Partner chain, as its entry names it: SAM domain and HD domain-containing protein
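Listed next as structure tokens is one chain, alone, in the form solved without its partner chain.
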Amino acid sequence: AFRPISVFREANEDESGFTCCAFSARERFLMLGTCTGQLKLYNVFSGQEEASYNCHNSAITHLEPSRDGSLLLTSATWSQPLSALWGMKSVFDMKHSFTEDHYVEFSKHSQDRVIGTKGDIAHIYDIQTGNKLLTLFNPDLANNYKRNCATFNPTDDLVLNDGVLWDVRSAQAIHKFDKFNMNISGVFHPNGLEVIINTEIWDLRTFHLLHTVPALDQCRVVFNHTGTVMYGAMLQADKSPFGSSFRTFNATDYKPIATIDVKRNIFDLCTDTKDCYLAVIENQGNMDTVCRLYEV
């Protein structure tokens, strides 16, 4: 079940502008991006703001803290730069930026690189220098997914970009997964064995189709930290990125668990390091978002 535990809004603002959320490496603290480009740190139970930082001059779309607490990735909507890497030790400061990349992630095993997406193109950067190490794009193998989002696998040796599997060491495309939808490019299962591209579940070893999961159509997904539950929410067609519902699935067998309709459009969700709480950004209206905390 998801029992509403608490709710809060952007403190002392006429219109609350939360757009995205992530739990910090520090417990009891949620990081929220806003539609005016700020990063807020909230005490999650009190619902009280503790700190605010200026990141972008447009809406923050997504953010990701490093596991070590030292770094933060942000992306924005119509700023230059579109994505940035922030240091959080001693002083909050921009370390590097990624000009035209509208989406960024850390590498997974060792968080020493950033992978950025610009349209059909993936860019891999070194965190130390900020240098672009690799550009990944193969015109023979592209799927041209409209909502492409490049990502590393659990051990960082592979990348999925535009439904193409790349060997990072050799910078070679090793397999193109066949195209079944216009938008969604896929993610790696945390098990290291499977690729989830929209409704299709592929075996990483054989490239065989393992399963079809229709309810995942047009969804962004995130796994809990233990890798036992998958959350999906359907994008709306191209403003809130999602509709009013999310779904959970058992990550071991892809069986559905629950469908949760919150009757309001969803901007983001995240679970804490311990998988005890779910935070969801929901539009009350008019942009006037709240962050709801749910007990899992």
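Residue numbers count along the first chain shown, from 1. Throughout, rigid core stands for the largest set of C-alpha atoms superposing within 1.5 Å between the two forms. Residues that one form lacks are left out of the comparison.
Keep in mind the form solved in complex with its partner chain is missing from the figure; the text below concerns it.
*Asks:* Scan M230, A233, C270, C55 and let me know which has any heavy atom within 4.5 Å of its partner chain in the deposited bound form.
*Replies:* Among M230, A233, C270, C55, a heavy atom within 4.5 Å of its partner chain in the deposited bound form occurs only for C55.
*Asks:* So in the deposited bound form, does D126 come within 4.5 Å of its partner chain, heavy atom to heavy atom?
*Replies:* Close contact is absent here: in the deposited bound form, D126 is far from its partner chain, nothing within 4.5 Å, heavy atoms only.
*Asks:* Please run the contact check for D112 against its partner chain in the deposited bound form: heavy atoms, 4.5 angstroms, yes or no?
*Replies:* Flag for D112 set to no.
*Asks:* Is there a heavy atom of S245 no more than 4.5 Å from a heavy atom of its partner chain in the deposited bound form?
*Replies:* Result no; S245 lies far from its partner chain in the deposited bound form.
*Asks:* Looking at the partner-bound form in the deposited bound form, is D178 within 4.5 Å of its partner chain by any heavy atom?
*Replies:* It does not: once its partner chain is placed as it appears in the deposited bound form, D178 has no heavy atom within 4.5 Å of it.
*Asks:* Is the shift of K255 between this form and the one not shown large enough to count as movement, that is, does its C-alpha move by 2 Å or more after the core is superposed?
*Replies:* No, its C-alpha moves less than 2 Å.
*Asks:* Which segments, of 3 or more consecutive residues, undergo C-alpha shifts of no less than 2 angstroms between this form and the one not shown following superposition on the core?
*Replies:* Runs with every C-alpha shifted by at least 2 Å: 26-28, 240-242.
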